[PDB]
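Colleague: Input: one structure, supplied below.
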Amino acid sequence: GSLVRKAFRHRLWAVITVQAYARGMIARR
Amino acid sequence: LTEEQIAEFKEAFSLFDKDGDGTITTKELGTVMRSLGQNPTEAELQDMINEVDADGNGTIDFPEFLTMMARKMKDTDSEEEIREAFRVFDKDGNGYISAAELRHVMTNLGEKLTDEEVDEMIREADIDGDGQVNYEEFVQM
Ligand SMILES: [Ca+2]
Ligand SMILES: [Ca+2]
Ligand SMILES: [Ca+2]
Ligand SMILES: [Ca+2]
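Structure (structure tokens):
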């Protein structure tokens, strides 16, 4: 049942990572 | 539990809360995840909603999301998250990020960027000048 916990975090960290690079790409340009 | 992490957690939560009610439903969690190339089943969406919803009201508020995301933290600069981020940007799965792909992802994050702005981002990152961004150039970026 903590597999679901793991999957939520993993899915979310991908979003946070994507957002972080989108912000950073805007920050460079 | 730094202020940086809190800001990043907040920006993720706002993206999912598509109607701004302060909670994240099953359909919101589904819709945003598929906009970013993930393919969760309705079965895992309900399971993720039930696991994070502590008080059992059926949705995820920010303190509930925060409790969950505060433990077992991964790192946005780790090659594991860099790999997962490349899966999002390289949408068609050819191994190179195009401008239309970067445009489509930026659109799904709530950015209203003109096509010249996106082309500049590609150029600033495109080392070999092939017009796209591969994994090496993505990482160095
Ligand atoms: Ca909502
Ligand atoms: Ca709740
Ligand atoms: Ca591609
Ligand atoms: Ca290239």
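Residue numbers (the deposited numbering), protein chains in the order written: chain B, 826 to 854; chain A, 4 to 144. Using N, Cα and C, we set each Cβ at its ideal position, and we do this for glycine too.
Can you tell me whether DSSP reads A:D95 as helix, strand or coil?
Modeller: coil
Colleague: Could you tell me whether the Cβ atoms of A:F19 and A:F65 are closer together than 8 angstroms?
Modeller: no
Colleague: For a quick check, are the C-beta atoms of A:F92 and A:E104 less than 8 angstroms apart?
Modeller: yes
Colleague: Check the Cβ of A:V136 against every Cβ in chain B and list those closer than 7 angstroms, keeping chain order.
Modeller: Those do not exist, as A:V136 stays about 10 angstroms from chain B at its closest Cβ, beyond 7 angstroms.
Colleague: Where the beta carbon is closer than 6 angstroms to any heavy atom of ligand 2, which residues qualify, in chain order?
Modeller: A:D56, A:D58, A:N60, A:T62, A:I63, A:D64 and A:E67
Colleague: May I ask you to check if the CB of A:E140 is nearer than 7 angstroms to at least one heavy atom of ligand 4?
Modeller: Yes, ligand 4 has a heavy atom inside 7 angstroms of this Cβ.
Colleague: In chain order, what residues of the same chain lie with their CB nearer than 8 angstroms to the CB of B:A845, ignoring the 5 residues before and after it?
Modeller: none
Colleague: I want to check one thing, is the minimum distance from the CB of A:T29 to the heavy atoms of ligand 1 below 7 angstroms?
Modeller: Checking the Cβ of A:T29 against ligand 1 gives no.
Colleague: With a threshold of 16 other CB atoms inside 10 Å of the CB of A:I52, please say whether the residue is buried or exposed.
Modeller: Under this definition A:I52 is a buried residue.
Colleague: What three-state label does DSSP hand A:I63 in the structure shown?
Modeller: strand
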